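Just one chain follows, in the form deposited in one PDB entry, and it is written as structure tokens.
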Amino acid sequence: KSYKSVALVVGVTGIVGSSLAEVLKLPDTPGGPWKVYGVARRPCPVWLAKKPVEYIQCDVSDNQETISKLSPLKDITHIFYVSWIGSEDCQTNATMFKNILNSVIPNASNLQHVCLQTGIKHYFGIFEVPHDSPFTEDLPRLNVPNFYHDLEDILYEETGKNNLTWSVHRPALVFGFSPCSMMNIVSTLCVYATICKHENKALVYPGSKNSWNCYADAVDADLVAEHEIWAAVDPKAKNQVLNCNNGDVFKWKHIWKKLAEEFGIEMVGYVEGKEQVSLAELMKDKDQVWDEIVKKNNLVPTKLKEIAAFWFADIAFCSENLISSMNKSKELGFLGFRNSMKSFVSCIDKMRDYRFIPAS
């Protein structure tokens, strides 16, 4: 085992974690060759058991467990913190990140860098008075209890006194493929399309007028991974807060049409005068339908509430004015981008490839 770099990917089953596990193993990836330790809360799921990552199940909110499991990992060079607890609680999110750092900083004598992933909520507030956009990295914090603030403060503190470099990545809405994410918009909409098709119903848009028509942006999970790796290895990027998006804008109206096409079903668009309804409510009783779809198509077994986050789709479909700028990253020399309409389709293709959702 000789490696140039050793990553600790905290949240390896997540929407970005799961791409890192793939992107870190590519032959041309900066910093490579990489060894990958992947940490997540659950036993290694079947869809990860066949990847070359050393999987560590660990409840990282438990300080003693995290110590016992991560303290022996002396060879770590780069930490990628791509997790959250699944609520907005400032204390319980902060405990996770502190336990990672407290377990690894004293034991990894060659640690170089800590990447912290937060998000564009930094600019507009919490889900539980926004800045105007396009959002830029220098915009000051809002006066709200955003766990992103605690995570940054811990990052700055700990990396400063231990002579480590740091980065803060603030991705836009993520287009990715993990069925174990707590916020995967593409899987959520694929599950809704799949259920519609199963019930011989049209793909009816449930959201607001404004979100149907406004400009939006997103980031491919593989591009977030590329961006995080870049900041982790390229000395010019060190110690910077950095937005991450696909470089372009789209509208949900265009995405919706593509989605109906991809599932071979009829689309119903936004209907003038019709108010947003809740997708979470429309789907409240669909667990067994999901289970049946799973079994017939011999899909990777997933439970409805895990694979889909209908509530997160409801938020996206009442949001507007959230565009974020990539000028800082581009001016630092990162010119990674994706065509968002193509990235959206790539995620659909991938989830079918991996058997999370039905083919065709």
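If you superpose the two forms and keep the largest set of C-alpha atoms that fall within 1.5 Å, you have the rigid core. All residue numbers refer to positions in the sequence shown, first residue = 1.
Although it is not shown, the form deposited in another entry is what the next lines describe.
Task: Core-fitted Cα difference of 2 Å or more between this form and the one not shown, single residue among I307, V60, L70, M326 - done: So the residue whose C-alpha moves 2 Å or more is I307.
Open item on the list: Once the core is superposed between this form and the one not shown, does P171 show a C-alpha displacement of at least 2 Å?
Closed with: Moves: no, less than 2 Å.
Open item on the list: Quick check: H198 between this form and the one not shown - does its CA shift reach 2 Å or more after fitting the rigid core?
Closed with: After core superposition, the C-alpha of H198 moves 2 Å or more between this form and the one not shown.
TODO: For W290, decide whether the Cα shift between this form and the one not shown is 2 Å or greater, given a superposition on the rigid core.
DONE: Yes, because once the rigid core is superposed, the C-alpha of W290 moves 2 Å or more between this form and the one not shown.
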